[PDB]
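Just target.csv here, CSV, C-alpha atoms and all ligand atoms:
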chain,number,residue,atom,x,y,z
A,3,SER,CA,110.7,72.7,132.2
A,4,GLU,CA,112.7,76.0,131.8
A,5,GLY,CA,112.3,77.7,128.5
A,6,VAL,CA,110.4,74.7,127.0
A,7,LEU,CA,108.4,77.2,124.8
A,8,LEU,CA,110.1,80.1,122.8
A,9,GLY,CA,108.2,82.8,120.9
A,10,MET,CA,109.7,85.3,118.4
A,11,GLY,CA,107.7,88.3,117.1
A,12,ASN,CA,106.9,92.0,117.1
A,13,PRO,CA,106.5,93.5,120.7
A,14,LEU,CA,103.9,96.3,120.3
A,15,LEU,CA,102.0,98.5,122.8
A,16,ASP,CA,98.3,98.5,122.0
A,17,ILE,CA,96.6,101.9,121.9
A,18,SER,CA,93.0,100.6,122.4
A,19,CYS,CA,89.8,102.6,122.2
A,20,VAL,CA,86.1,102.0,121.9
A,21,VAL,CA,85.2,104.0,118.8
A,22,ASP,CA,82.1,103.8,116.3
A,23,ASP,CA,81.4,102.9,112.6
A,24,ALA,CA,82.1,106.5,111.5
A,25,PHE,CA,85.8,106.4,112.8
A,26,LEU,CA,86.5,103.2,110.7
A,27,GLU,CA,84.9,104.8,107.6
A,28,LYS,CA,87.1,107.9,108.1
A,29,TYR,CA,90.4,106.0,107.9
A,30,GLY,CA,89.2,103.3,105.4
A,31,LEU,CA,89.4,100.4,107.9
A,32,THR,CA,87.5,97.0,108.1
A,33,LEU,CA,86.4,95.2,111.3
A,34,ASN,CA,88.1,91.8,112.0
A,35,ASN,CA,91.1,93.0,109.9
A,36,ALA,CA,94.8,93.9,110.5
A,37,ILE,CA,97.0,96.2,108.4
A,38,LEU,CA,100.4,98.0,108.6
A,39,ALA,CA,100.2,101.8,109.3
A,40,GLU,CA,100.4,104.2,106.4
A,41,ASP,CA,101.1,108.0,106.5
A,42,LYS,CA,97.2,108.6,106.4
A,43,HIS,CA,97.0,106.9,109.9
A,44,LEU,CA,99.2,109.5,111.8
A,45,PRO,CA,96.1,111.7,112.4
A,46,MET,CA,94.3,108.5,113.7
A,47,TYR,CA,96.9,107.9,116.3
A,48,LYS,CA,96.7,111.5,117.4
A,49,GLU,CA,92.9,111.3,117.7
A,50,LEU,CA,93.2,108.0,119.8
A,51,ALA,CA,95.6,109.8,122.2
A,52,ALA,CA,93.0,112.5,122.9
A,53,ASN,CA,90.0,110.1,123.4
A,54,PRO,CA,88.9,109.9,127.1
A,55,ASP,CA,88.4,106.1,127.0
A,56,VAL,CA,91.9,105.2,125.4
A,57,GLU,CA,93.8,102.3,127.1
A,58,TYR,CA,97.5,101.4,126.8
A,59,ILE,CA,98.0,97.6,127.0
A,60,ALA,CA,101.0,95.3,126.2
A,61,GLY,CA,100.3,93.7,122.8
A,62,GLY,CA,102.0,92.0,119.9
A,63,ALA,CA,100.4,88.7,118.6
A,64,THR,CA,103.3,86.3,119.6
A,65,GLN,CA,103.9,88.2,122.9
A,66,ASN,CA,100.2,87.8,123.8
A,67,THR,CA,100.3,84.0,123.0
A,68,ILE,CA,103.5,83.6,125.1
A,69,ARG,CA,102.2,85.6,128.1
A,70,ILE,CA,99.0,83.6,128.1
A,71,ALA,CA,100.9,80.2,127.8
A,72,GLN,CA,103.1,81.3,130.8
A,73,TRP,CA,100.0,82.3,132.9
A,74,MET,CA,98.4,78.9,132.1
A,75,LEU,CA,101.6,77.0,132.9
A,76,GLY,CA,102.2,78.8,136.2
A,77,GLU,CA,105.9,77.8,136.6
A,78,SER,CA,108.3,80.8,136.3
A,79,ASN,CA,110.6,81.0,133.2
A,80,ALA,CA,108.8,78.0,131.4
A,81,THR,CA,108.6,80.5,128.4
A,82,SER,CA,111.0,82.8,126.5
A,83,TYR,CA,110.4,85.6,124.0
A,84,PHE,CA,112.5,87.5,121.5
A,85,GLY,CA,111.5,90.7,119.7
A,86,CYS,CA,112.8,94.2,119.1
A,87,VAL,CA,111.9,97.4,121.1
A,88,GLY,CA,113.2,101.0,121.2
A,89,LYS,CA,115.3,102.7,123.9
A,90,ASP,CA,112.2,104.4,125.5
A,91,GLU,CA,109.5,104.0,128.3
A,92,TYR,CA,107.1,101.9,126.2
A,93,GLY,CA,109.8,99.3,125.7
A,94,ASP,CA,110.7,99.1,129.4
A,95,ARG,CA,107.0,99.0,130.4
A,96,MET,CA,106.3,95.9,128.3
A,97,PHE,CA,109.6,94.3,129.5
A,98,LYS,CA,108.6,94.8,133.2
A,99,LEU,CA,105.0,93.5,132.8
A,100,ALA,CA,105.9,90.3,130.9
A,101,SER,CA,108.9,89.6,133.1
A,102,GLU,CA,106.8,89.9,136.3
A,103,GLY,CA,104.3,87.4,134.7
A,104,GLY,CA,107.1,84.8,134.5
A,105,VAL,CA,108.2,85.2,130.8
A,106,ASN,CA,112.0,85.2,130.2
A,107,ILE,CA,112.2,88.4,128.0
A,108,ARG,CA,115.2,88.7,125.7
A,109,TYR,CA,114.5,91.9,123.7
A,110,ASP,CA,116.7,93.1,120.9
A,111,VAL,CA,117.0,97.0,120.9
A,112,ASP,CA,117.0,99.5,118.1
A,113,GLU,CA,119.1,102.6,118.8
A,114,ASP,CA,117.0,105.3,117.0
A,115,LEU,CA,113.4,104.2,116.5
A,116,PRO,CA,110.6,104.2,119.1
A,117,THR,CA,108.9,101.0,120.4
A,118,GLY,CA,106.2,99.6,118.1
A,119,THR,CA,102.6,100.4,118.7
A,120,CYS,CA,99.2,99.1,117.4
A,121,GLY,CA,95.9,101.0,117.1
A,122,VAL,CA,93.2,98.7,118.4
A,123,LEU,CA,89.8,100.1,117.3
A,124,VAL,CA,86.9,98.4,119.2
A,125,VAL,CA,83.3,98.6,117.8
A,126,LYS,CA,80.7,96.6,119.6
A,127,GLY,CA,83.3,94.1,121.0
A,128,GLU,CA,84.9,93.5,117.5
A,129,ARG,CA,88.3,95.0,116.6
A,130,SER,CA,90.4,96.5,113.7
A,131,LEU,CA,94.2,96.6,114.0
A,132,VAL,CA,96.7,99.2,112.5
A,133,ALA,CA,100.3,98.3,113.3
A,134,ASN,CA,103.1,100.9,113.4
A,135,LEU,CA,106.0,98.5,113.9
A,136,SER,CA,108.8,101.1,114.3
A,137,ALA,CA,111.7,99.4,116.3
A,138,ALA,CA,109.8,95.9,116.1
A,139,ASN,CA,110.6,96.0,112.3
A,140,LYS,CA,114.4,96.2,113.1
A,141,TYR,CA,114.8,92.7,114.8
A,142,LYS,CA,118.3,91.5,114.0
A,143,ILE,CA,119.4,87.9,113.3
A,144,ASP,CA,122.6,89.0,115.2
A,145,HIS,CA,120.6,89.1,118.5
A,146,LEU,CA,119.3,85.5,117.8
A,147,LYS,CA,122.8,84.2,117.1
A,148,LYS,CA,124.5,85.7,120.2
A,149,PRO,CA,125.4,82.7,122.5
A,150,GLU,CA,123.3,83.9,125.5
A,151,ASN,CA,120.1,84.1,123.3
A,152,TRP,CA,120.9,81.0,121.2
A,153,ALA,CA,121.0,79.0,124.5
A,154,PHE,CA,117.2,79.6,124.9
A,155,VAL,CA,116.6,78.2,121.4
A,156,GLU,CA,118.6,75.1,122.4
A,157,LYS,CA,116.6,74.8,125.7
A,158,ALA,CA,113.2,75.1,123.8
A,159,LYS,CA,111.3,72.1,122.6
A,160,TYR,CA,108.5,74.2,121.0
A,161,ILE,CA,108.9,77.4,119.0
A,162,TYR,CA,106.0,79.7,117.9
A,163,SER,CA,105.8,82.9,115.8
A,164,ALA,CA,102.7,84.7,114.6
A,165,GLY,CA,102.7,85.1,110.8
A,166,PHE,CA,103.2,88.9,111.4
A,167,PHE,CA,106.9,88.2,112.0
A,168,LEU,CA,107.2,87.2,108.2
A,169,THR,CA,107.2,91.0,107.4
A,170,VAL,CA,110.2,91.6,109.8
A,171,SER,CA,112.7,88.6,109.9
A,172,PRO,CA,111.8,85.7,107.7
A,173,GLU,CA,115.6,84.8,107.9
A,174,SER,CA,115.4,84.4,111.8
A,175,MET,CA,112.3,82.2,111.3
A,176,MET,CA,114.0,80.0,108.7
A,177,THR,CA,117.1,79.7,111.0
A,178,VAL,CA,115.1,78.5,114.1
A,179,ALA,CA,112.6,76.4,111.9
A,180,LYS,CA,115.6,74.5,110.3
A,181,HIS,CA,117.1,74.0,113.8
A,182,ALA,CA,113.8,72.5,115.0
A,183,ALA,CA,113.7,70.1,111.9
A,184,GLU,CA,117.2,68.9,112.7
A,185,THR,CA,116.5,68.3,116.5
A,186,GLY,CA,113.0,66.8,116.6
A,187,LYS,CA,111.5,70.0,118.1
A,188,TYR,CA,108.1,71.6,117.0
A,189,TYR,CA,108.0,74.8,114.9
A,190,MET,CA,104.6,76.6,114.8
A,191,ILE,CA,103.1,79.7,113.3
A,192,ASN,CA,99.7,81.4,112.7
A,193,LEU,CA,98.3,82.9,109.5
A,194,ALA,CA,97.9,86.2,111.5
A,195,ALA,CA,95.9,88.3,108.9
A,196,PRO,CA,94.6,88.1,105.3
A,197,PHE,CA,97.3,90.7,104.2
A,198,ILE,CA,100.0,88.1,105.4
A,199,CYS,CA,98.4,85.3,103.3
A,200,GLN,CA,98.1,87.7,100.2
A,201,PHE,CA,101.2,90.0,100.2
A,202,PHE,CA,103.6,87.7,102.2
A,203,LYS,CA,102.5,84.4,100.5
A,204,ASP,CA,106.1,83.8,99.2
A,205,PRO,CA,108.0,84.0,102.5
A,206,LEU,CA,105.0,82.1,104.1
A,207,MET,CA,105.4,79.3,101.5
A,208,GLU,CA,109.2,79.2,101.9
A,209,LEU,CA,108.7,78.5,105.6
A,210,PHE,CA,105.5,76.3,105.4
A,211,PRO,CA,107.4,73.0,104.8
A,212,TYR,CA,108.9,73.4,108.3
A,213,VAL,CA,105.6,74.1,110.1
A,214,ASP,CA,104.4,71.3,112.4
A,215,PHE,CA,101.3,73.3,113.8
A,216,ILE,CA,99.5,75.9,111.7
A,217,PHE,CA,97.0,78.1,113.5
A,218,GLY,CA,94.5,80.6,112.0
A,219,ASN,CA,91.0,82.1,112.0
A,220,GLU,CA,88.4,81.4,109.3
A,221,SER,CA,89.0,84.7,107.4
A,222,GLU,CA,92.7,83.9,107.2
A,223,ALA,CA,92.1,80.3,106.1
A,224,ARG,CA,89.7,81.6,103.4
A,225,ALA,CA,92.2,84.3,102.3
A,226,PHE,CA,95.0,81.5,102.1
A,227,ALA,CA,92.7,79.3,100.0
A,228,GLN,CA,91.8,82.1,97.5
A,229,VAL,CA,95.5,83.0,97.1
A,230,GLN,CA,96.6,79.3,96.5
A,231,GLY,CA,93.9,78.8,93.9
A,232,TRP,CA,91.9,76.4,96.1
A,233,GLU,CA,88.3,77.0,94.8
A,234,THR,CA,86.7,76.5,98.3
A,235,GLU,CA,85.4,78.5,101.3
A,236,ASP,CA,84.8,75.4,103.5
A,237,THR,CA,87.1,75.8,106.5
A,238,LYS,CA,87.0,72.0,107.1
A,239,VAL,CA,88.5,71.4,103.6
A,240,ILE,CA,91.0,74.3,103.9
A,241,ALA,CA,92.2,72.8,107.3
A,242,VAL,CA,92.8,69.3,105.7
A,243,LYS,CA,94.5,70.9,102.7
A,244,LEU,CA,96.8,73.0,104.9
A,245,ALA,CA,97.9,69.9,106.9
A,246,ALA,CA,98.5,68.1,103.5
A,247,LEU,CA,100.9,70.7,102.0
A,248,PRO,CA,104.5,69.4,101.5
A,249,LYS,CA,106.9,68.9,104.5
A,250,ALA,CA,110.7,69.3,104.6
A,251,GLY,CA,110.9,66.2,106.8
A,252,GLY,CA,108.5,63.5,108.0
A,253,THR,CA,109.5,63.6,111.7
A,254,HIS,CA,106.1,65.1,112.6
A,255,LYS,CA,102.8,65.4,110.9
A,256,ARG,CA,101.3,68.9,110.4
A,257,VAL,CA,98.2,69.7,112.5
A,258,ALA,CA,95.9,72.5,111.3
A,259,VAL,CA,93.8,74.4,113.9
A,260,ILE,CA,91.3,76.9,112.5
A,261,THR,CA,89.2,79.0,115.0
A,262,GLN,CA,85.9,80.6,113.9
A,263,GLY,CA,84.9,83.1,116.7
A,264,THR,CA,81.7,81.7,118.1
A,265,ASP,CA,81.5,78.8,115.6
A,266,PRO,CA,83.5,75.5,116.5
A,267,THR,CA,87.2,75.3,116.4
A,268,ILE,CA,88.3,73.0,113.5
A,269,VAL,CA,91.2,70.6,113.9
A,270,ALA,CA,92.6,68.5,110.9
A,271,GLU,CA,94.9,65.7,112.2
A,272,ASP,CA,95.8,62.5,110.2
A,273,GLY,CA,93.2,63.4,107.5
A,274,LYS,CA,90.2,63.6,109.8
A,275,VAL,CA,88.4,66.8,111.0
A,276,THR,CA,87.3,67.1,114.7
A,277,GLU,CA,85.1,70.1,115.6
A,278,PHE,CA,85.1,71.6,119.2
A,279,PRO,CA,82.0,73.8,119.9
A,280,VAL,CA,82.6,77.2,121.7
A,281,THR,CA,80.5,78.1,124.8
A,282,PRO,CA,79.6,81.7,123.8
A,283,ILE,CA,80.1,84.5,126.3
A,284,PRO,CA,77.0,86.8,126.9
A,285,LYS,CA,77.1,90.0,124.9
A,286,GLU,CA,76.8,91.8,128.4
A,287,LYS,CA,80.0,90.1,129.7
A,288,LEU,CA,81.9,90.7,126.4
A,289,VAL,CA,84.5,93.6,126.7
A,290,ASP,CA,86.4,92.9,123.3
A,291,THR,CA,87.8,90.1,121.1
A,292,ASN,CA,91.3,91.7,120.7
A,293,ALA,CA,93.9,88.9,121.5
A,294,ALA,CA,91.1,86.2,121.5
A,295,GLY,CA,93.0,84.1,118.8
A,296,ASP,CA,96.4,84.8,120.4
A,297,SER,CA,95.1,83.6,123.8
A,298,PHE,CA,93.4,80.5,122.2
A,299,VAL,CA,96.9,79.6,120.9
A,300,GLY,CA,98.5,80.4,124.3
A,301,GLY,CA,96.0,78.1,126.1
A,302,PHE,CA,96.5,75.3,123.4
A,303,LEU,CA,100.3,75.5,123.6
A,304,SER,CA,100.3,75.4,127.5
A,305,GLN,CA,98.8,71.9,127.3
A,306,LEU,CA,100.8,70.8,124.2
A,307,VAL,CA,104.2,71.5,126.0
A,308,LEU,CA,102.9,69.3,129.0
A,309,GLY,CA,102.2,66.4,126.6
A,310,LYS,CA,98.3,66.5,126.6
A,311,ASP,CA,96.1,65.3,123.8
A,312,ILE,CA,94.8,67.6,121.0
A,313,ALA,CA,91.3,67.7,122.5
A,314,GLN,CA,92.6,68.9,125.9
A,315,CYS,CA,94.7,71.5,124.0
A,316,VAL,CA,91.6,72.9,122.2
A,317,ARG,CA,89.6,72.9,125.5
A,318,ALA,CA,92.4,74.9,127.2
A,319,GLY,CA,92.5,77.3,124.2
A,320,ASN,CA,88.8,78.0,124.2
A,321,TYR,CA,89.0,78.5,128.0
A,322,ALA,CA,91.9,81.1,127.7
A,323,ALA,CA,90.1,83.1,125.0
A,324,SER,CA,86.8,83.1,127.0
A,325,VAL,CA,88.7,84.6,130.0
A,326,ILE,CA,90.4,87.3,127.7
A,327,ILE,CA,87.3,88.4,125.8
A,328,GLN,CA,85.9,89.4,129.3
A,329,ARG,CA,88.7,92.0,129.6
A,330,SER,CA,90.3,94.8,127.5
A,331,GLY,CA,93.0,93.6,125.0
A,332,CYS,CA,95.3,90.8,126.2
A,333,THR,CA,94.6,91.3,129.9
A,334,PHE,CA,93.9,88.5,132.5
A,335,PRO,CA,93.8,87.9,136.3
A,336,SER,CA,97.0,86.9,138.1
A,337,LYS,CA,96.2,83.1,138.3
A,338,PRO,CA,94.1,80.6,136.2
A,339,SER,CA,91.4,78.1,137.2
A,340,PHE,CA,91.4,75.7,134.2
A,401,LIG,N1,82.0,85.8,121.5
A,401,LIG,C1,82.8,84.8,121.8
A,401,LIG,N2,82.3,84.0,122.8
A,401,LIG,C2,83.1,83.0,123.2
A,401,LIG,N3,84.3,82.6,122.8
A,401,LIG,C3,84.8,83.5,121.8
A,401,LIG,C4,84.0,84.5,121.3
A,401,LIG,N4,84.8,85.1,120.3
A,401,LIG,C5,85.9,84.4,120.2
A,401,LIG,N5,85.9,83.4,121.2
A,401,LIG,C6,87.0,82.5,121.4
A,401,LIG,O1,88.2,83.0,120.8
A,401,LIG,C7,88.7,82.1,119.8
A,401,LIG,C8,89.3,82.9,118.7
A,401,LIG,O2,88.3,83.7,118.1
A,401,LIG,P1,88.6,84.2,116.6
A,401,LIG,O3,87.7,85.3,116.3
A,401,LIG,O4,88.5,83.0,115.7
A,401,LIG,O5,90.1,84.7,116.7
A,401,LIG,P2,91.0,85.9,116.1
A,401,LIG,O6,91.4,86.9,117.3
A,401,LIG,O7,92.3,85.3,115.5
A,401,LIG,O8,90.1,86.6,115.1
A,401,LIG,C9,87.5,81.2,119.4
A,401,LIG,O9,87.9,80.0,118.9
A,401,LIG,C10,86.8,81.1,120.8
A,401,LIG,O10,87.3,80.0,121.6
A,402,LIG,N1,101.8,93.6,112.4
A,402,LIG,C1,101.7,93.0,113.6
A,402,LIG,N2,102.7,92.4,114.2
A,402,LIG,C2,102.5,91.9,115.4
A,402,LIG,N3,101.5,92.0,116.2
A,402,LIG,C3,100.5,92.7,115.6
A,402,LIG,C4,100.5,93.2,114.3
A,402,LIG,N4,99.2,93.7,114.0
A,402,LIG,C5,98.5,93.5,115.1
A,402,LIG,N5,99.2,92.9,116.1
A,402,LIG,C6,98.7,92.5,117.4
A,402,LIG,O1,97.7,91.5,117.3
A,402,LIG,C7,97.1,91.4,118.6
A,402,LIG,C8,95.7,90.9,118.4
A,402,LIG,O2,95.7,89.6,117.8
A,402,LIG,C9,97.2,92.8,119.2
A,402,LIG,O3,97.5,92.8,120.6
A,402,LIG,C10,98.2,93.6,118.3
A,402,LIG,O4,99.2,94.2,119.0
A,403,NA,NA,104.1,88.9,116.4

Please express the file's structure as structure tokens.
Amino acid sequence: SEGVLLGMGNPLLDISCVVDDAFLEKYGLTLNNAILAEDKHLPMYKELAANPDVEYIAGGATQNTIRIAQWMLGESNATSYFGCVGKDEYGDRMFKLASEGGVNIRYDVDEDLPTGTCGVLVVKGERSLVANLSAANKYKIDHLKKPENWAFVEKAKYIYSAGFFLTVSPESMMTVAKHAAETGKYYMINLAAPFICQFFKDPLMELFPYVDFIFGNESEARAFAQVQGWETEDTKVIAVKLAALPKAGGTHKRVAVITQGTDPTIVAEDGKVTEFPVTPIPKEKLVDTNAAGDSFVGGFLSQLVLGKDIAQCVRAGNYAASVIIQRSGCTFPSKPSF
């Protein structure tokens, strides 16, 4: 099933460090939040580089999801990934790691900007993200439309992008979403962060009629609900309302999947809510929750591309996230035991 799943996003190198409450207060950051880097965050990246516990791990939300799906599938080149990197060592490092894991990496390159990075600040297992997109922000629709890269869109039956890609190339997302609508394929996104639901609500709502599977966490679902004027904080209601939003075509229903950390995963399908409890990981065994949501999607998608039911997809998602939260960032052993 070569290239059955394609992802498109921002390939970033995670600069991860266990810090404390004072470091977040210093740079005005919030736990369980993601922002785009500002000039005031350049001293932060310098401080992270000098910290003795700093770790450099391949990141990027879509890339994490695709690498996890590939690990769960276990058949080389079942997945593909598009994204933009710089002509530097960080770009080649992520290329080599993901390719060796079995992902068919098709990176676009920027001539002048360095490869994108993300500050991952860990406090008692929880994380705060500060993305410096750099070359990831320069993804070109020209790369997507080149025959050798368009062939992997044609080969794919499932296409996924984290909502973070709406800040970079909403035109590339629309192009592949419209292709999927014309061919009976599945187009899927995540809400990614509250800032995406608030500041990128308009490109998000232009694409939403073409979304067959919408993924998100409870804070994103609540941020989306507040933005749309839905006077509710109930994630069960928000999940049903997300599935019920208009669709460009009736070929597929829209399934909404809302994760809630240690609380049950919510699925809205055909107007009914099903909840799937999480088996919590001991606080002792917990390293960090960075890439937990991305790995839940990766696990869910690995079963979805094999034709499994939605309950088996959620079970595989909870499994993949449980494995990843017992490691730093999006890191995993070489072979699964699902
Ligand atoms: N402490 C935990 N123990 C066990 N599983 C967890 C824990 N935290 C997260 N998970 C798993 O990771 C998934 C995603 O967590 P969540 O915090 O909702 O994601 P995100 O990274 O998008 O914030 C959960 O649905 C669950 O399966
Ligand atoms: N703006 C962004 N675009 C893409 N990936 C991002 C962004 N912000 C954070 N991430 C990624 O989110 C992951 C955790 O979900 C991290 O590995 C980090 O690299
Ligand atoms: Na992404």

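Selection of all polymer residues within 7 Å of ligand LIG 402 (chain A) on the basis of all atoms listed in the file gives residues 11, 12, 13, 14, 15, 16, 36, 37, 38, 61, 62, 63, 64, 66, 120, 131, 132, 133, 135, 166, 167, 292, 293, 294, 295, 296, 331 and 332 of chain A.
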
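Taking all atoms listed in the file into account, residue 206 of chain A lies nearest to A:172 out of the set A:300, A:88, A:118, A:172.
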
> Once you count only C-alpha atoms, which residues end up no further than 10 Å from (91.1, 101.2, 108.8) in the file's frame, shown as a PyMOL selection string?
Replying inline: chain A and resi 25-33+35-39+42-43+46+121+123+130-132

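With atom CA of residue 247 of chain A on one side and atom CA of residue 165 of chain A on the other, the separation reads 17.0 Å.
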
> Which distance in Å separates atom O2 of ligand LIG 401 (chain A) and atom CA of residue 71 of chain A, to one decimal?
Replying inline: 16.3 Å

>> Calculated over only C-alpha atoms, which of the candidates A:182, A:56, A:100, A:75 has the smallest distance to residue 338 of chain A?
In response: A:75

> For the atom pair atom CA of residue 184 of chain A and atom CA of residue 156 of chain A, what is the interatomic distance in Å to one decimal place?
Replying inline: 11.6 Å

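For the residues A:160, A:174, A:234, A:269, ranking by smallest atom-to-atom distance to residue 313 of chain A using all atoms listed in the file places A:269 first.
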
> Taking all atoms listed in the file into account, which of A:297, A:223, A:261, A:65 comes nearest ligand NA 403 (chain A)?
Replying inline: A:65

The residues within 12 Å of (104.0, 80.2, 100.7), using all atoms listed in the file and the coordinates of the file, should be reported as a PDB file with C-alpha atoms, in the coordinates of the input; which are they?
ATOM      1  CA  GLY A 165     102.700  85.100 110.800  1.00  0.00           C
ATOM      2  CA  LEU A 168     107.200  87.200 108.200  1.00  0.00           C
ATOM      3  CA  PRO A 172     111.800  85.700 107.700  1.00  0.00           C
ATOM      4  CA  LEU A 193      98.300  82.900 109.500  1.00  0.00           C
ATOM      5  CA  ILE A 198     100.000  88.100 105.400  1.00  0.00           C
ATOM      6  CA  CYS A 199      98.400  85.300 103.300  1.00  0.00           C
ATOM      7  CA  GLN A 200      98.100  87.700 100.200  1.00  0.00           C
ATOM      8  CA  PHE A 201     101.200  90.000 100.200  1.00  0.00           C
ATOM      9  CA  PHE A 202     103.600  87.700 102.200  1.00  0.00           C
ATOM     10  CA  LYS A 203     102.500  84.400 100.500  1.00  0.00           C
ATOM     11  CA  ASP A 204     106.100  83.800  99.200  1.00  0.00           C
ATOM     12  CA  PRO A 205     108.000  84.000 102.500  1.00  0.00           C
ATOM     13  CA  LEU A 206     105.000  82.100 104.100  1.00  0.00           C
ATOM     14  CA  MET A 207     105.400  79.300 101.500  1.00  0.00           C
ATOM     15  CA  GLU A 208     109.200  79.200 101.900  1.00  0.00           C
ATOM     16  CA  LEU A 209     108.700  78.500 105.600  1.00  0.00           C
ATOM     17  CA  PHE A 210     105.500  76.300 105.400  1.00  0.00           C
ATOM     18  CA  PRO A 211     107.400  73.000 104.800  1.00  0.00           C
ATOM     19  CA  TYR A 212     108.900  73.400 108.300  1.00  0.00           C
ATOM     20  CA  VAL A 213     105.600  74.100 110.100  1.00  0.00           C
ATOM     21  CA  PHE A 226      95.000  81.500 102.100  1.00  0.00           C
ATOM     22  CA  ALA A 227      92.700  79.300 100.000  1.00  0.00           C
ATOM     23  CA  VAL A 229      95.500  83.000  97.100  1.00  0.00           C
ATOM     24  CA  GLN A 230      96.600  79.300  96.500  1.00  0.00           C
ATOM     25  CA  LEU A 244      96.800  73.000 104.900  1.00  0.00           C
ATOM     26  CA  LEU A 247     100.900  70.700 102.000  1.00  0.00           C
ATOM     27  CA  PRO A 248     104.500  69.400 101.500  1.00  0.00           C
TER      28      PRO A 248
END

> Within 9 Å of ligand LIG 401 (chain A), counting all atoms listed in the file: which residues, as JSON, numbers by chain?
Replying inline: {"A": [34, 35, 127, 128, 129, 192, 193, 194, 195, 217, 218, 219, 220, 221, 222, 260, 261, 262, 263, 264, 265, 266, 267, 268, 278, 279, 280, 281, 282, 283, 284, 285, 288, 290, 291, 292, 293, 294, 295, 296, 297, 298, 299, 316, 317, 319, 320, 321, 322, 323, 324, 325, 326, 327]}

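When all atoms listed in the file are used to compute distances to ligand NA 403 (chain A), the closest of the residues A:271, A:17, A:245, A:163 turns out to be A:163.
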
>> At a cut-off of 12 Å, using all atoms listed in the file, what residues contact residue 72 of chain A? Leave out same-chain residues fewer than 4 positions from it and give the result as JSON, numbers by chain.
In response: {"A": [3, 4, 5, 6, 7, 8, 9, 65, 66, 67, 68, 76, 77, 78, 79, 80, 81, 82, 83, 100, 101, 102, 103, 104, 105, 106, 107, 297, 299, 300, 301, 302, 303, 304, 305, 307, 322, 334, 336, 337, 338]}

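Counting all atoms listed in the file, the residue from A:306, A:251, A:24, A:124 that sits nearest to residue 318 of chain A is A:306.
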
> Which neighbours of residue 143 of chain A fall inside 8 Å, counting all atoms listed in the file, when residues of the same chain fewer than 4 positions from it are skipped, and could you give them as a ChimeraX atom specification?
Replying inline: /A:147,171,173-174

> Contacts of residue 109 of chain A at 6 Å or less, counting all atoms listed in the file, minus same-chain residues fewer than 5 places along, as JSON, numbers by chain?
Replying inline: {"A": [84, 85, 86]}

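For residue 90 of chain A, the residues within 9 Å (counting all atoms listed in the file, excluding itself and residues fewer than 4 positions away along the chain) are residues 94, 95, 116 and 117 of chain A.
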
Around all of segment 108-124 of chain A's listed atoms, make the axis-aligned box with 4 Å on each side and tell me centre and edge lengths in Å to one decimal, as JSON.
{"center_x": 103.0, "center_y": 97.0, "center_z": 121.1, "size_x": 40.2, "size_y": 24.6, "size_z": 17.2}
